[PDB]
Every structure is written in C-alpha cells, then in structure tokens.
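Student: Compact mmCIF, C-alpha atoms, file work_20.txt:
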```txt
# COMPACT_ATOMS: atom_id res chain seq x y z
CA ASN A 2 -19.49 -7.21 28.35
CA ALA A 3 -18.66 -5.76 24.93
CA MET A 4 -15.01 -5.54 25.99
CA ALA A 5 -14.70 -9.28 26.60
CA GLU A 6 -11.63 -10.70 24.85
CA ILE A 7 -12.55 -12.70 21.74
CA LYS A 8 -11.01 -16.15 22.26
CA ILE A 9 -8.95 -17.63 19.43
CA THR A 10 -10.78 -20.29 17.41
CA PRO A 11 -10.02 -21.72 13.97
CA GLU A 12 -12.85 -19.54 12.63
CA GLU A 13 -11.18 -16.42 14.02
CA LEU A 14 -7.80 -17.34 12.62
CA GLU A 15 -9.34 -17.96 9.20
CA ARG A 16 -11.25 -14.67 9.32
CA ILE A 17 -8.07 -12.76 10.06
CA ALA A 18 -6.12 -14.82 7.52
CA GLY A 19 -8.75 -13.64 5.04
CA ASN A 20 -8.17 -10.03 6.06
CA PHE A 21 -4.47 -10.37 5.25
CA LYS A 22 -5.16 -12.15 1.95
CA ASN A 23 -7.70 -9.49 0.94
CA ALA A 24 -5.26 -6.75 1.94
CA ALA A 25 -2.66 -8.29 -0.39
CA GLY A 26 -5.21 -8.20 -3.20
CA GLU A 27 -6.15 -4.56 -2.57
CA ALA A 28 -2.48 -3.57 -2.46
CA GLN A 29 -1.88 -5.26 -5.81
CA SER A 30 -4.88 -3.49 -7.34
CA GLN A 31 -3.58 -0.17 -6.04
CA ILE A 32 -0.08 -0.63 -7.48
CA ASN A 33 -1.62 -1.60 -10.83
CA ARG A 34 -3.76 1.54 -10.98
CA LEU A 35 -0.85 3.78 -10.00
CA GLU A 36 1.32 2.16 -12.65
CA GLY A 37 -1.34 3.00 -15.21
CA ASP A 38 -1.08 6.67 -14.23
CA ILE A 39 2.70 6.72 -14.58
CA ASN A 40 2.31 5.00 -17.95
CA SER A 41 -0.15 7.70 -19.02
CA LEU A 42 2.46 10.41 -18.45
CA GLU A 43 4.85 8.89 -21.00
CA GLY A 44 5.34 11.36 -23.83
CA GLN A 45 3.22 14.00 -22.08
CA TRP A 46 6.23 15.98 -20.85
CA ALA A 47 10.05 16.00 -20.94
CA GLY A 48 11.76 12.61 -21.04
CA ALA A 49 13.91 13.62 -18.06
CA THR A 50 10.80 14.35 -16.00
CA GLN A 51 9.24 11.02 -16.98
CA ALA A 52 12.46 9.19 -16.03
CA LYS A 53 12.31 10.74 -12.56
CA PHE A 54 8.72 9.74 -11.94
CA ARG A 55 9.13 6.24 -13.39
CA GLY A 56 12.16 5.82 -11.13
CA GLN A 57 10.24 6.87 -8.05
CA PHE A 58 7.31 4.63 -8.99
CA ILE A 59 9.49 1.55 -9.49
CA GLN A 60 10.99 2.11 -6.04
CA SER A 61 7.44 2.10 -4.64
CA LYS A 62 6.61 -1.05 -6.63
CA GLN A 63 9.68 -2.73 -5.14
CA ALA A 64 8.50 -1.85 -1.61
CA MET A 65 5.08 -3.26 -2.41
CA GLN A 66 6.68 -6.45 -3.77
CA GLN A 67 8.27 -6.97 -0.36
CA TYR A 68 5.08 -6.11 1.53
CA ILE A 69 2.58 -8.35 -0.28
CA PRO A 70 4.40 -11.68 0.37
CA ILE A 71 4.74 -10.75 4.06
CA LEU A 72 0.96 -10.37 4.41
CA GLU A 73 0.53 -13.69 2.61
CA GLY A 74 2.98 -15.38 4.96
CA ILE A 75 0.96 -14.15 7.91
CA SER A 76 -2.21 -15.42 6.24
CA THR A 77 -0.58 -18.82 5.74
CA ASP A 78 0.64 -19.05 9.34
CA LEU A 79 -2.84 -18.24 10.67
CA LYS A 80 -4.41 -20.91 8.44
CA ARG A 81 -1.86 -23.52 9.49
CA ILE A 82 -2.68 -22.94 13.17
CA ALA A 83 -6.41 -22.91 12.33
CA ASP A 84 -5.93 -26.35 10.76
CA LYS A 85 -4.05 -27.59 13.85
CA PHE A 86 -7.06 -26.68 15.96
CA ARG A 87 -9.60 -28.39 13.68
CA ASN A 88 -7.61 -31.63 13.45
CA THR A 89 -7.09 -31.81 17.22
CA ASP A 90 -10.85 -31.63 17.76
CA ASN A 91 -11.57 -34.26 15.10
CA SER B 1 -2.99 23.74 -22.52
CA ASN B 2 0.66 24.78 -22.45
CA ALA B 3 2.54 27.26 -24.61
CA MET B 4 5.21 24.56 -25.01
CA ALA B 5 4.47 21.68 -27.40
CA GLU B 6 6.46 19.24 -25.24
CA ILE B 7 4.07 19.81 -22.33
CA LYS B 8 0.88 17.98 -23.29
CA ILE B 9 -0.64 17.88 -19.83
CA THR B 10 -2.48 20.64 -17.92
CA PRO B 11 -1.75 21.55 -14.27
CA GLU B 12 -5.22 20.29 -13.33
CA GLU B 13 -4.46 16.91 -14.91
CA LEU B 14 -1.20 16.64 -12.95
CA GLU B 15 -3.09 17.56 -9.78
CA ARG B 16 -5.67 14.87 -10.52
CA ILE B 17 -2.95 12.22 -10.84
CA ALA B 18 -1.27 13.59 -7.69
CA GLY B 19 -4.58 13.06 -5.88
CA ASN B 20 -4.56 9.40 -6.88
CA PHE B 21 -1.14 9.08 -5.29
CA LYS B 22 -2.17 10.92 -2.13
CA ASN B 23 -5.32 8.74 -1.88
CA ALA B 24 -3.20 5.62 -2.31
CA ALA B 25 -0.87 6.74 0.50
CA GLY B 26 -3.86 7.30 2.77
CA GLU B 27 -5.40 3.95 1.86
CA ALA B 28 -2.12 2.13 2.48
CA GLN B 29 -1.81 3.66 5.95
CA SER B 30 -5.44 2.82 6.73
CA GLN B 31 -4.84 -0.75 5.59
CA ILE B 32 -1.78 -1.37 7.76
CA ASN B 33 -3.64 0.24 10.69
CA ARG B 34 -6.57 -2.19 10.36
CA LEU B 35 -4.21 -5.16 10.09
CA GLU B 36 -2.29 -3.91 13.16
CA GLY B 37 -5.56 -4.03 15.08
CA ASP B 38 -5.98 -7.64 13.95
CA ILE B 39 -2.48 -8.53 15.13
CA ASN B 40 -3.04 -6.68 18.41
CA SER B 41 -6.32 -8.55 19.05
CA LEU B 42 -4.47 -11.89 18.91
CA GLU B 43 -1.10 -10.98 20.46
CA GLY B 44 -2.05 -11.47 24.11
CA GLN B 45 -3.35 -14.96 23.37
CA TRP B 46 -0.10 -16.20 21.79
CA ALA B 47 3.07 -17.02 23.73
CA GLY B 48 6.76 -17.74 23.17
CA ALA B 49 7.95 -18.44 19.64
CA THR B 50 4.48 -18.22 18.07
CA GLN B 51 3.84 -14.80 19.58
CA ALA B 52 7.21 -13.59 18.31
CA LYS B 53 6.60 -15.02 14.82
CA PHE B 54 3.44 -12.97 14.31
CA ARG B 55 4.89 -9.84 15.92
CA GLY B 56 8.04 -10.01 13.80
CA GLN B 57 6.24 -10.60 10.53
CA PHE B 58 3.87 -7.76 11.28
CA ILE B 59 6.77 -5.44 12.11
CA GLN B 60 8.37 -6.31 8.77
CA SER B 61 5.15 -5.49 6.91
CA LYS B 62 4.88 -2.17 8.74
CA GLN B 63 8.46 -1.30 7.80
CA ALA B 64 7.75 -2.11 4.16
CA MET B 65 4.84 0.34 4.33
CA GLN B 66 7.12 2.92 5.95
CA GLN B 67 9.13 2.70 2.72
CA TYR B 68 6.18 2.65 0.35
CA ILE B 69 4.05 5.45 1.81
CA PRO B 70 6.60 8.29 1.69
CA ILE B 71 7.49 7.36 -1.91
CA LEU B 72 3.85 7.79 -2.91
CA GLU B 73 3.72 11.02 -0.88
CA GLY B 74 6.82 12.27 -2.70
CA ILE B 75 5.35 11.50 -6.10
CA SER B 76 2.14 13.37 -5.16
CA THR B 77 4.03 16.40 -3.82
CA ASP B 78 6.37 16.52 -6.80
CA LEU B 79 3.52 16.17 -9.32
CA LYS B 80 1.82 19.18 -7.75
CA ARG B 81 5.02 21.21 -7.76
CA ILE B 82 5.34 20.54 -11.47
CA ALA B 83 1.69 21.47 -11.98
CA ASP B 84 2.57 24.83 -10.40
CA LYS B 85 5.60 25.24 -12.70
CA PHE B 86 3.59 24.40 -15.80
CA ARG B 87 0.73 26.72 -14.82
CA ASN B 88 2.78 29.79 -15.63
CA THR B 89 2.71 28.90 -19.35
CA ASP B 90 -0.70 27.21 -19.44
CA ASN B 91 -3.47 29.27 -21.07
CA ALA B 92 -1.33 32.35 -20.46
CA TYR B 93 -0.72 33.72 -23.95
```
Have the structure of the file written as structure tokens, please.

Tutor:
Amino acid sequence: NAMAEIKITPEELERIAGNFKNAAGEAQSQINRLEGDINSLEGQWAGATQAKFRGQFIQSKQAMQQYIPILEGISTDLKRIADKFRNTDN
Amino acid sequence: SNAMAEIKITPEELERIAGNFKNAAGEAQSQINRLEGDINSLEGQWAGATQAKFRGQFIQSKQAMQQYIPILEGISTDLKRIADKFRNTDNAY
C-alpha cells in the first residue's frame, strides 16, 4: 500500500513548486557564501593566482545564473497547472 | 605562516576554503537529485506536450548543474594543490 502512486492534485503541484522555489533560494545562498570566500582571498596571495580563482568562480556563477531561473520556471508551470485545477473545481 | 610576505594564507586555511567548495558541490548534486525525484514522481501522470515541457526543463537544469559542479570541484582541487605548494615554505624556517 505504501507504494501506491500519489495522484496529482493542486496541493501536490504547489508542494513541489515550493521545492523548486526553495531550491532556487538555497542555490543563491550557496553562491553568495562561495563568493565571500573568493573575495577573502584577494590580496592574500599572488595577483595571478587570485585572477585564476576569480575567473573560475565567475564561470560557476554564470552556470548558477542559468540554473536558478530554470527551477523558477518549473515552479511557475506547476503553480499555473495547480491554479487550473482549483478553478475547474470552483 | 609563510616565509614569503606575499603569501598571507596558511595551507590549512586554503584547505578549509576548499572544503567549502567541496561541500557546495556535494550539496548541489544532492539538490538536483531530490528535484529529479520530484520530477520522476509526476512524469508518469503527465502526457504529450505537458510531459515534455517538464522533462525538457528538468533536463536543462540538470545540464546547468553538470557545468556548475565540476567548476566547484576544480576550485576545491586546485585550492588544495596550492595548499600543498605553500606548505613547503610555511613554518619551515
């Protein structure tokens, strides 16, 4: 019985939409903290070394800036279908 | 502390920062894995264009993470390698 498929409802779509929204927030927090670390290395070693690590970090930030809006788009699509369900029932 | 004035960070401090990057890489992978489970739990109940829309968006997000994760891994690995380089002139003389 515990393996019964959980049927889609607006509540389920909103729960999962929330998971994606929360994931976007955690990702942002993570990139912020990592940026702080790279910032902390400035002046702590050779300028050439810092340039290499800043460069790598910005490439990671760019990847994250593609990723976050994709999660938010999924969250939006789930919520739009959730709304469709609620309005049909009304 | 290093023999060289220009090096103001210890190997242990670089290793600490490298751990933050390794932890972030692990957390990112765990996150996309949980979200994949969410997408998987719905997939069989969608059909046609809607099913494809969610599958495609999820695939895009996974590919973005396939970019992001190895960059964090590279930063962590490289930080540690530099820690090892610096160690030879840290508290040595």

Student: Report the closest atom pair, with its distance in Å rounded to one decimal, for each residue of chain B that has an atom no farther than 7 Å from chain A; count all atoms listed in the file, sort by chain and then rising residue number, and write it as a tab-separated table.

Tutor:
```
residue	atom	partner	partner_atom	distance
B:6	CA	A:46	CA	5.5
B:7	CA	A:46	CA	4.6
B:8	CA	A:45	CA	4.8
B:9	CA	A:45	CA	5.9
B:17	CA	A:38	CA	6.8
B:24	CA	A:31	CA	6.9
B:38	CA	A:17	CA	6.8
B:54	CA	A:75	CA	7.0
B:57	CA	A:71	CA	6.6
B:61	CA	A:68	CA	5.4
B:64	CA	A:68	CA	5.5
B:67	CA	A:64	CA	6.3
B:68	CA	A:61	CA	5.2
B:71	CA	A:61	CA	5.9
B:72	CA	A:61	CA	6.9
B:75	CA	A:54	CA	7.0
```

Student: Near residue 2 (chain B), within 12 Å and counting only C-alpha atoms, which residues show up once chain neighbours fewer than 2 positions away are dropped, as JSON, numbers by chain?

Tutor: {"A": [45, 46], "B": [4, 5, 6, 7, 8, 9, 10, 11, 12, 83, 85, 86, 87, 88, 89, 90, 91, 92, 93]}

Student: Keeping only C-alpha atoms, write the selected residues to a file as a short mmCIF file (atom, residue, chain, number, x, y, z; two decimals), keeping the file's coordinate frame.

Tutor:
```
data_model
loop_
_atom_site.label_atom_id
_atom_site.label_comp_id
_atom_site.auth_asym_id
_atom_site.auth_seq_id
_atom_site.Cartn_x
_atom_site.Cartn_y
_atom_site.Cartn_z
CA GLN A 45 3.22 14.00 -22.08
CA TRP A 46 6.23 15.98 -20.85
CA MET B 4 5.21 24.56 -25.01
CA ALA B 5 4.47 21.68 -27.40
CA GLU B 6 6.46 19.24 -25.24
CA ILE B 7 4.07 19.81 -22.33
CA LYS B 8 0.88 17.98 -23.29
CA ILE B 9 -0.64 17.88 -19.83
CA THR B 10 -2.48 20.64 -17.92
CA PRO B 11 -1.75 21.55 -14.27
CA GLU B 12 -5.22 20.29 -13.33
CA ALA B 83 1.69 21.47 -11.98
CA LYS B 85 5.60 25.24 -12.70
CA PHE B 86 3.59 24.40 -15.80
CA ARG B 87 0.73 26.72 -14.82
CA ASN B 88 2.78 29.79 -15.63
CA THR B 89 2.71 28.90 -19.35
CA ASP B 90 -0.70 27.21 -19.44
CA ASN B 91 -3.47 29.27 -21.07
CA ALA B 92 -1.33 32.35 -20.46
CA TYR B 93 -0.72 33.72 -23.95
#
```

Student: Which value, in Å to one decimal, gives the distance between CA of residue 69 (chain B) and CA of residue 15 (chain A)?

Tutor: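 A separation of 28.0 Å between them.
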
Student: To one decimal place, how far is CA of residue 22 (chain B) from CA of residue 77 (chain B) in Å?

Tutor: 8.4 Å

Student: Please measure the separation of CA of residue 15 (chain B) and CA of residue 79 (chain B), giving the value in Å to one decimal.

Tutor: 6.8 Å

Student: Considering only C-alpha atoms, state which residue in the set A:85, A:56, A:73, A:91 is at the smallest distance from residue 22 (chain A).

Tutor: A:73

Student: Once you add 5 Å to each side, what are the centre and edge lengths of the axis-aligned box holding all listed atoms of region 53-65 of chain A? One decimal in Å, as lines of an AutoDock Vina configuration file, if you can.

Tutor:
```
center_x = 8.7
center_y = 3.7
center_z = -7.5
size_x = 17.2
size_y = 24.0
size_z = 21.8
```

Student: At a cut-off of 9 Å around the point (0.7, -5.9, 16.6) (file coordinates), what residues fall inside when counting only C-alpha atoms? I'd like the answer as a list in words.

Tutor: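 Using only C-alpha atoms, the matching residues come out as residues 35, 36, 37, 38, 39, 40, 41, 42, 43, 54, 55, 56, 58 and 59 of chain B.
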
Student: Closest to residue 60 (chain B) among B:45, B:1, B:82, B:32, using all atoms listed in the file?

Tutor: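 With all atoms listed in the file as the atom set, the closest residue is B:32.
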
Student: Mind completing region 46-60 of chain A with N, CA and C atoms? Output as an mmCIF file, in the coordinates of the input, please?

Tutor:
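The new file result.cif reads:
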```cif
data_model
loop_
_atom_site.group_PDB
_atom_site.id
_atom_site.type_symbol
_atom_site.label_atom_id
_atom_site.label_comp_id
_atom_site.auth_asym_id
_atom_site.auth_seq_id
_atom_site.Cartn_x
_atom_site.Cartn_y
_atom_site.Cartn_z
ATOM 1 N N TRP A 46 5.321 14.984 -21.394
ATOM 2 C CA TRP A 46 6.230 15.980 -20.850
ATOM 3 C C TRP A 46 7.659 15.535 -21.125
ATOM 4 N N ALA A 47 8.639 16.297 -20.647
ATOM 5 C CA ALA A 47 10.050 16.000 -20.940
ATOM 6 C C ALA A 47 10.462 14.593 -20.510
ATOM 7 N N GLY A 48 11.267 13.941 -21.341
ATOM 8 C CA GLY A 48 11.760 12.610 -21.040
ATOM 9 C C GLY A 48 12.472 12.537 -19.700
ATOM 10 N N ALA A 49 13.204 13.590 -19.342
ATOM 11 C CA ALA A 49 13.910 13.620 -18.060
ATOM 12 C C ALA A 49 12.936 13.599 -16.885
ATOM 13 N N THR A 50 11.834 14.327 -17.029
ATOM 14 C CA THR A 50 10.800 14.350 -16.000
ATOM 15 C C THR A 50 10.151 12.976 -15.862
ATOM 16 N N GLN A 51 9.810 12.367 -16.997
ATOM 17 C CA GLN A 51 9.240 11.020 -16.980
ATOM 18 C C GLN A 51 10.172 10.002 -16.337
ATOM 19 N N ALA A 52 11.471 10.112 -16.621
ATOM 20 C CA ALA A 52 12.460 9.190 -16.030
ATOM 21 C C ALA A 52 12.465 9.311 -14.508
ATOM 22 N N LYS A 53 12.333 10.536 -14.006
ATOM 23 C CA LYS A 53 12.310 10.740 -12.560
ATOM 24 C C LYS A 53 11.097 10.090 -11.935
ATOM 25 N N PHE A 54 9.930 10.315 -12.519
ATOM 26 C CA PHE A 54 8.720 9.740 -11.940
ATOM 27 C C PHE A 54 8.606 8.232 -12.104
ATOM 28 N N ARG A 55 9.046 7.697 -13.241
ATOM 29 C CA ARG A 55 9.130 6.240 -13.390
ATOM 30 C C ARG A 55 10.047 5.653 -12.325
ATOM 31 N N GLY A 56 11.194 6.295 -12.117
ATOM 32 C CA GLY A 56 12.160 5.820 -11.130
ATOM 33 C C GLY A 56 11.593 5.791 -9.728
ATOM 34 N N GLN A 57 10.872 6.840 -9.334
ATOM 35 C CA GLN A 57 10.240 6.870 -8.050
ATOM 36 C C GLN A 57 9.180 5.763 -7.991
ATOM 37 N N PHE A 58 8.368 5.637 -9.025
ATOM 38 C CA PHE A 58 7.310 4.630 -8.990
ATOM 39 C C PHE A 58 7.854 3.211 -8.851
ATOM 40 N N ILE A 59 8.927 2.895 -9.571
ATOM 41 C CA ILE A 59 9.490 1.550 -9.490
ATOM 42 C C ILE A 59 10.025 1.260 -8.089
ATOM 43 N N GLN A 60 10.581 2.275 -7.431
ATOM 44 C CA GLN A 60 10.990 2.110 -6.040
ATOM 45 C C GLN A 60 9.808 1.773 -5.133
#
```
